Amino acid sequence: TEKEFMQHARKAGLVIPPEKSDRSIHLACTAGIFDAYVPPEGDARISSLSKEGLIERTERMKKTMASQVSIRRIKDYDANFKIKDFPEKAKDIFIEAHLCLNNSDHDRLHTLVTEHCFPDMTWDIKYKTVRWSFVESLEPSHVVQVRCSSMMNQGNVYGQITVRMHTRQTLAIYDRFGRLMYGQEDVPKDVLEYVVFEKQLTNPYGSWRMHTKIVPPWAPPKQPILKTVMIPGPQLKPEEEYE
Amino acid sequence: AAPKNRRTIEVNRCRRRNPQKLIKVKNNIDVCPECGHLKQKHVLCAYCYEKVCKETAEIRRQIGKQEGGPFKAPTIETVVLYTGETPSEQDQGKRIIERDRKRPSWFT
Amino acid sequence: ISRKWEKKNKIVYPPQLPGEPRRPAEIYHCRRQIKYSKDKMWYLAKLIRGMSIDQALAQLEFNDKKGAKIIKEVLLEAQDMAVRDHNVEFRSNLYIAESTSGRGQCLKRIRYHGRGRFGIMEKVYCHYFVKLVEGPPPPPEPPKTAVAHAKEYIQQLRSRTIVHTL
Amino acid sequence: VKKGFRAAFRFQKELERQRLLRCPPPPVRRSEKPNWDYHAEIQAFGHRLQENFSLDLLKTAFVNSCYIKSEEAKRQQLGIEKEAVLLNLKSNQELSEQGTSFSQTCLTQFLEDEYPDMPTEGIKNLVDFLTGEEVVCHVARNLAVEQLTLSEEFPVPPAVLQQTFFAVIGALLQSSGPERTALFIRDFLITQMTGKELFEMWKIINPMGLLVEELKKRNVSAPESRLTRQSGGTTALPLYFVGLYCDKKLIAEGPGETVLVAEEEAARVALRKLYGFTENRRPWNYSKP
Amino acid sequence: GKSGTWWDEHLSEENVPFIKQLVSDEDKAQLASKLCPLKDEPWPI
Amino acid sequence: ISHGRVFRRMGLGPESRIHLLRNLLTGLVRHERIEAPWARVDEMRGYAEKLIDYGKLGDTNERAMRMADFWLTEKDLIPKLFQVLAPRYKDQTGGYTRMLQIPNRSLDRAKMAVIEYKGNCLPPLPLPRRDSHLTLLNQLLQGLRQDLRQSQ
Amino acid sequence: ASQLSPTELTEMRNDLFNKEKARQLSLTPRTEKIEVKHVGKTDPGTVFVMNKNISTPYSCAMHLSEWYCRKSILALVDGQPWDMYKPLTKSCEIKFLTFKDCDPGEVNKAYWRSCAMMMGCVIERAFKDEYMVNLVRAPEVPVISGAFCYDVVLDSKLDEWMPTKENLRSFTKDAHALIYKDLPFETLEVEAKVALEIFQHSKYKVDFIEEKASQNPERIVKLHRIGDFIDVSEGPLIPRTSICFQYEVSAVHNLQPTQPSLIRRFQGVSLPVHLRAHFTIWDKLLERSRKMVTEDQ
Amino acid sequence: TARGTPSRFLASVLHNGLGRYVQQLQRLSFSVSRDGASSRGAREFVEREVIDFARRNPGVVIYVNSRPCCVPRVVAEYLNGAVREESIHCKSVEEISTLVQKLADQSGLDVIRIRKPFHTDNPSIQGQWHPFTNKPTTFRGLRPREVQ
Ligand SMILES: [Mg+2]
Ligand SMILES: [Zn+2]
């Protein structure tokens, strides 16, 4: 008649690697992006080949010179690397990543993308099914900004490559029971996005993995939800509501 | 007393699952015209009750802060006020207890 | 210790076809280690059984017991997880389908009688199971009238044939 | 711990048995199982019927057009070209039609030579019920020919099963003589009518109309109903006996709970007696001439 | 389902006394109407 | 057998019951609002009615003075009861001390109730207001009343 | 206008109504999201995200609780009366009402109109097929009146009979049987042109549609449907039909010095399930509703 | 006991005695081990009498998987679809021969309770008995205690 309950644990991950130890952590990515790319306002209106040049072309020339010196740096650090076939490589990497995400593949998606965008693409979809498929590409992809950092924390540098992409996707997000929820079936919709790829240069191997995607503030709204969303107000505590 | 045998699970089910021991479903639950926090017939709402209890507690706190020590009990009536609101003419001989908040809509 | 009720919310179903019904949802939720008796929890579950969620909350708010508020909070958090994760839009279109009780881990203490003898104080613990299904609640089974009994008796008298020969 | 392995193996086998019993897996066809041989099964089916079948006709009849379409779709979706065996499969359509026509005409001839008092609608409904989907599916399932039928869908729809049954019937007709196939279809179809009621295979609506029509065709005036016996007219369980009288002569009698069902049963009994298909008729002679 | 109800539930503050007075006058008139049963249609004694 | 007998026992006898009722009456005179079981508040209202009656009968009377000194163990409540609650009900007879029922207590789940005097500087409790005189039933009753009035 | 059996006319009416509803629901492309706000009193500061021309206020109340669906008759949309079964259009604010409210007037008017429409529907199917019947209109009588009226024109051969208590009992039984089955009051803002084109039979209905469409430049009437019966009424109605717990028709009065032919005017009283009374008040209201009452001027 | 095990009726699978008799047994999958002292009888059977058993009835196919196991078993499937799997662990040649002969002679019906060993399809010939049998009819069927 003298027994209690055991099993005393917590469900929270605190700090414990760097508390009196001699082994650090060898990361393979970074936090966010280095510099946010600012697309032009008239991108949708001038979606053809080219147009007339604007006034004061010094800023674009400076950005081009920065991209060229970053390419020179990444070529001096690691030779044998092209730029013209880089958009095609990024395109096929994005396609195979979307395909392996549709086929519910993790051991390949972990090495296809970086350690940053994987939770954003595996959290609110783990208990759901997707029917994504590629149909046809419209405007070819091009590179808009080439940058690289020089963080001397653990002797690791990275090279984020912002490459725009414009094509047509087919999204079909169902529910865990089998009913439709978000997108429709076969609908060749048109949407563009700016995807950036980051590669660990200091790694002895290095694989071009998708870092993240930046959405412009002037982007059109997404398609509405097929269900009804309820937005309740705050909890009215015994007092008074002034709003 | 001591049993000669043992009751079965069937007898236990017949004894504990009878409609006499089961909780009856009451049909006196409705809604409230004000606030609305699920009240009952012939029973006051808990939300407005808590509100008026907090208000009475605050008024008693203010009275105790104005009176000070115990054993007082004034021989005149009392009247509570709020933000602003000048005292009327028929409230001269009554004790004025002003608060520090706006006047509610349920207190006239 | 076994835990198989909290894992039923992860069963993924294949996408249905346009020529298939809507199929109602199934939400499983339960708590562990609750200081209460299993008989009273089963009485509360029998009081609930298959009714609306709002009616169940109303009956539990005015139920003078210890586990009433516990079951109320369980139903509230289950409805919240259903409308936030299980893809549920309507808050009043739910009904409890299954509601039962179990038994928890027990300890041993002393009782101290009126002599050198004593008793075995066994700390009684229990749990509470509940399942939420969308859609309107099904109507109760109506009692069969005299016509049903007459038809059944006629069928029984017509089904009997010759026996113990050929 | 308890040292052992044989008892543990038996317990694991019992657990696996309970698992497969509680969760029944989808049944697989007999062709995909290891212990299976197509030619051996064909020979066994040909030798068990006490006949003389042929390999080519059986291989041609035991296939279907849906099977050929599925095979060509599978060979076109992958890329393997197999036009040296697929173009020589030969669908079993004309043979099936010939077998169907032969079975129909043989059944009609038998019903004409055995029951001369059967009208055209009666023999038509009889030959339609004998050639129905349920009976041929039951015969095909009891003959273990569904496992040999090369077609899609494991449960096999009744249409494909009836089609392959008529196809193998036509193949047997083309192989052996007409008398052998006639005796075969006799022994495999007419034996099902043993103990079955006539109108259960006909399912009429108004027996009195057909009865009075047959009576007018037999130079009879008009039947009239009379109450023979009765027991309990005010209780919940009534019993009546209506006897049909034609020219002051009884012809039949039918019981019933009320008067309408009793008259209907009497009319049915009279119509079955006028056609010669009763319970005291001559049984079918299952012998050889 | 159907809840419990009575007669003075859905009435205002100026209708309950009116209904009381009306039903009182009604029962008084009904009691006063059955005062002379012999002048109506009595059964033979 | 307790036919026609009230006097709900509470304490260990009549003396303890009277002491508890006197304490409740003193608390009700002081704070003007007390939550307690239904029987306790019922007896408190029944005694407070007669207390108000005796305080309204007069002040110079020695009987009422002794009763107020006995039923009030705080002394200071006697002048208040004689100079506030007595001139207030000068137009009323026995119509005061409204009783309202509350649900239960968050301790032992017991039936309780709250009573208070009329007027009251404290905010009034949410009274169970009846239906408005504009509903369908009320409008039909008003129409029937107007019809029988015009027909008379 | 031609000779039609007493079946094909309602068949064509209901199929044309279904085609009109299909056209109305298919006129919108996809699903447009609206932001309807709750400016009531119980739960203030609540905004809903619903669809356009698809979502109904009943579905919006279902997002709250079952009480908001059991105690709801008429909705307030920007100060205009809106029933519980009607799709919304633009984004605005909504407010729920009930019978036990501060000023229950619009709900009472809607309930009276619904009861009049139900009486007309239950009386238009209780006559001989050889005797043609016509439905004039449903005049909006105040709540102070004894009972609502509904003018019905019968045949010229029946201008001298008086219905006894048996016909009244049969009508009450039919009304109770119709209330027993749950049939919503499906409404739709149908254009006046197609509204008058669907009928083209009774001249009274055409005149009523013209008079109700001549008041608004948009030429939009308010049509309702109860399972398989179409009638023209004013304003919104009630959601479910099971609200009426006590339904009983009084008598009938015939007016003559107003039109050469003889027209009928039937009356009746009804009480909802939320405001049920005792048997005494019931018989009092039944006897008081038997008197003649008119408020057409 | 009979109240614990299911039962059935005595009937044919497809009326074999009326028309022509067919062989109910189809396949016989034998599992004889290569090395061991528990399948000697099955080995000797497959060596000496399996050819005679196959030539006796051409409608029965015999499969010899020859899988190295420990308990020799035999699978017997019939026309109805019943699969009865028995083990011939440590049995002589005569015992296995008698067992396979009994399996070939029987059909696919269950070996449960027979329930009424006699079965007929036309039980009534001279009219089934009814309570009105052996009762003469009165004049005009007049019921007793009447006037007309
Ligand atoms: Mg006590
Ligand atoms: Zn409230």
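Cut-offs and rules
- Residues numbered from 1 in each chain as written, not as in the entry; some residues may be left out.
- Chains lettered and ligands numbered in written order.
- Part of a larger assembly, values for the part shown.
- Heavy atoms only, no water.
- Residues with missing side-chain atoms left out of burial classes, pairs and counts.
- Helix = DSSP H or I, 4+ residues; strand = E, 2+ residues; numbered from the N terminus.
- Rg over C-alpha atoms; globule rule 2.2 N^0.38 Å.
- Buried < 20%, exposed > 50% of the residue type's maximum accessible area, 1.4 Å probe, protein only.
- Contact = heavy atoms within 4.5 Å.
- Areas by Shrake-Rupley, 256 points an atom, 1.4 Å probe, with all protein chains shown as cover.
- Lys, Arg positive; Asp, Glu negative; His and termini not counted.
- Charge placed at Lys NZ, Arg CZ, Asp CG, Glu CD.
- Buried area = accessible area lost by both parts, 1.4 Å probe.
- Salt bridge = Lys/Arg side-chain N within 4 Å of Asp/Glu carboxyl O.
- Polar contact = N/O pair within 3.5 Å; in protein donor to acceptor, adjacent residues only side chain to side chain.
- Nonpolar A, V, L, I, M, F, W, Y, C, P; charged D, E, K, R; others polar.
- Patch = residues over 30% accessible without salt bridge, like charges linked within 9 Å, V, L, I, M, F, W, Y side chains within 5 Å.
- Pairing = 2+ DSSP bridges.
- Axes fitted to C-alpha atoms, helices over the stretch in contact; angles between N-to-C directions.
- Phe/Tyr/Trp six-rings, centres within 6.5 Å; stacked < 30°, edge-to-face > 60°.
- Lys NZ or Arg CZ within 6 Å of the ring centre and 35° of its normal.
- Donors = N, O, S within 2.8 Å, 3.2 Å for Na, K, Ca; no water.
- UniProt positions renumbered as here; feature names shortened; annotations may be inferred.
- Domains from an automatic or database assignment.

**Let's talk about the overall build of chain D**
Right, on to step 1. Helices and strands together make up the secondary structure of chain D, namely twelve helices and three strands.
Right, on to step 2. Here chain D has a C-alpha radius of gyration of 28 Å; the compact-globule value for 289 residues is 19 Å, and the former is much larger.
Right, on to step 3. Taken over the C-alpha atoms alone, chain D extends approximately 85 × 65 × 40 Å along its principal axes.
Right, on to step 4. When the 289 residues of chain D are sorted by exposure, 40% land in the buried category.
Right, on to step 5. When contacts within chain D are restricted to residue pairs at least 6 apart in sequence, those whose partners lie at least 24 apart make up 59%.
Right, on to step 6. Looking at chain D as shown, the accessible area adds up to about 17,600 Å², and 54% of this sits on carbon and sulfur atoms.
Right, on to step 7. Taken together, the 37 basic and 38 acidic charged side chains of chain D have centroids lying 9 Å from each other.

**Observations concerning the interface of chain H and chain D**
Right, on to step 1. Of the residues lining the interface, 26 residues belong to chain H; the matching set on chain D comes to 36 residues.
Right, on to step 2. Both sides together, the interface formed by chain H and chain D hides about 2,900 Å², and carbon and sulfur atoms give 52% of it.
Right, on to step 3. For the chain H face of the interface with chain D, the top three residues by lost area are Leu14, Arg20 and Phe132 of chain H, together amounting to 26%.
Right, on to step 4. Residue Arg20 of chain H pairs with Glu51 of chain D through a salt bridge whose shortest N-O separation is 2.5 Å.
Right, on to step 5. At the boundary of chain H with chain D, the tally comes to ten residue pairs in polar contact.
Right, on to step 6. Elements with a minimum of two residues in the side of chain H that touches chain D: β1 (25-30) and β2 (61-64) of chain H.
Right, on to step 7. Here the side of chain H that touches chain D takes three residues from β1 of chain H, the largest share from any one element.
Right, on to step 8. Looking at the side of chain H that touches chain D residue by residue, the classes come out as eleven nonpolar, nine polar and six charged.

**What about a positive patch on the surface?**
Right, on to step 1. Where like charges cluster on the molecular surface, the positive patch consists of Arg13 and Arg17 of chain B together with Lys46 and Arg49 of chain C.
Right, on to step 2. Secondary-structure assignment places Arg13 of chain B in helix α1 (residues 9-16).

**Let's talk about the sheet that holds strand β10 (residues 230-232) of chain G**
Residue and element names in this part refer to chain G.
Right, on to step 1. Ordered by their spatial adjacency, three strands build an open sheet running β8-β9-β10, and the pairing between neighbours is antiparallel. Strands at the two margins of the open sheet, each flanked by one partner only, are β8 (186-188) and β10. Averaged over all neighbouring strand pairs, the angle between strand axes comes to 25°, with direction disregarded.
Right, on to step 2. Summarising the sheet, β8 and strand β9 (residues 223-225) pair through three bridges and their orientation is antiparallel.

**Thoughts on the packing of aromatic side chains**
Right, on to step 1. This model, assessed by the stated rule, comprises 28 aromatic pairs over all chains.
Right, on to step 2. Pairing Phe81 of chain A with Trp208 of chain A gives two aromatic rings, centres 5.4 Å apart and planes at 25°, and the pair type is stacked. On the criterion of sequence distance, the pair formed by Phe81 of chain A in the loop between α1 (58-77) and α2 (86-102) and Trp208 of chain A in the loop between β4 (189-198) and β5 (209-214) is long-range, its members being 127 residues apart.
Right, on to step 3. One aromatic cluster is present, formed by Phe110, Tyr115, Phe277 and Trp284 of chain D through successive ring pairs.
Right, on to step 4. The ring of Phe277 of chain D carries the charged tip of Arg281 of chain D above its face, separated from the ring centre by 3.7 Å.
Right, on to step 5. Positioned over the ring face of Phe70 of chain F is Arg22 of chain F, at 5.3 Å from the centre of the ring.

**Concerning the coordination of the zinc ion (ligand 2)**
Residues and elements named next belong to chain B.
Right, on to step 1. Around the zinc ion (ligand 2), the donor atoms from the protein are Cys32 (SG) and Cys45 (SG), and they sit 2.6 to 2.7 Å away. With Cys32 in the loop between β1 (29-30) and β2 (39-40) and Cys45 in the loop between β2 and α2 (46-67), the pair connects residues that are 13 residues apart, well separated along the chain. Here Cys32 and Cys45 have matching classes, each one buried.

**A look at a negative patch on the surface**
Residue and element names in this part refer to chain A.
Right, on to step 1. The grouping of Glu239, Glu240, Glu241 and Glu243 at the surface amounts to a negative patch.
Right, on to step 2. Mapped onto the secondary structure, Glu241 falls in the segment after β6 (229-231).
Right, on to step 3. Classification of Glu241 as partly exposed rests on a relative accessible area of 33%.

**Remarks on the UniProt feature "domain: RNase III" in chain D**
Right, on to step 1. In the UniProt entry, the feature "domain: RNase III" is given for residues 56-198 of chain D.
Right, on to step 2. Secondary structure across residues 56-198 of chain D divides into 65% helix and 0% strand, with the first and last C-alpha atoms of the span separated by 40 Å.

**Some remarks on the side chain of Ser67 of chain A**
All names here are of chain A.
Right, on to step 1. Structurally, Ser67 can be placed in helix α1.
Right, on to step 2. When its relative accessible area of 11% is taken as the criterion, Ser67 is described as buried.
Right, on to step 3. The contact partners of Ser67, leaving out residues within four places of it in the chain, are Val146 and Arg147.

**Thoughts on the environment of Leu223 of chain G**
Residue and element names in this part refer to chain G.
Right, on to step 1. Counting through the fold element by element, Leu223 comes out in strand β9.
Right, on to step 2. The spatial distance from the C-alpha of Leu223 to the C-alpha of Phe17 is 9.4 Å, given a sequence separation of 206 residues.
Right, on to step 3. When sequence neighbours within four positions are dropped, the list of residues in contact with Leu223 reads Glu186, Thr187, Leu188, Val190, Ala195, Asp231 and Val232.

**Examining the domain arrangement of chain D**
Residue and element names in this part refer to chain D.
Right, on to step 1. Domain assignment breaks chain D into domain 1 (31-205) and domain 2 (206-280).
Right, on to step 2. When each unit is reduced to the centre of its C-alpha atoms, the spacing between domain 1 and domain 2 is 41 Å.
Right, on to step 3. At the interface, twelve residues of domain 1 touch twelve residues of domain 2.
Right, on to step 4. Both faces considered, domain 1 and domain 2 share a buried interface measuring about 1,100 Å² in area, 69% of it formed by carbon and sulfur atoms.
Right, on to step 5. For the pair domain 1 and domain 2, the interface holds one salt bridge.
Right, on to step 6. Residue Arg272 is joined to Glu197 by a salt bridge in which the shortest nitrogen-to-oxygen separation is 2.5 Å.
Right, on to step 7. For the interface between domain 1 and domain 2, the tally reads one residue pair in polar contact.

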